[PDB]
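Okay, structure first, notes after.
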Amino acid sequence: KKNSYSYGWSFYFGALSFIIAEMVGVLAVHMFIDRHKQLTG
């Protein structure tokens with residue numbers, strides 16, 4: 001006990017990549033629904 005292990009560096013890059021990839025995936029759905037609404041009238 002009291003080892004004070006640090007989650008340190010680029011583990012956070014995977015954490016950041018989660019947020020970035022999810023922000024990608026939501027905008028894809030925006031493009032789908034807007035592009036389909038274009039061929040509605």
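Identifiers in this document derive from the order of the structure tokens: chains are assigned A, B, ..., residues are numbered from 1 separately in each chain, and ligands are numbered from 1 in order of occurrence.
Secondary structure of chain A, alpha helix (DSSP H) only (DSSP, backbone atoms): residues 11, 12, 13, 14, 15, 16, 17, 18, 19, 20, 21, 22, 23, 24, 25, 26, 27, 28, 29, 30, 31, 32, 33, 34, 35, 36, 37 and 38 of chain A.
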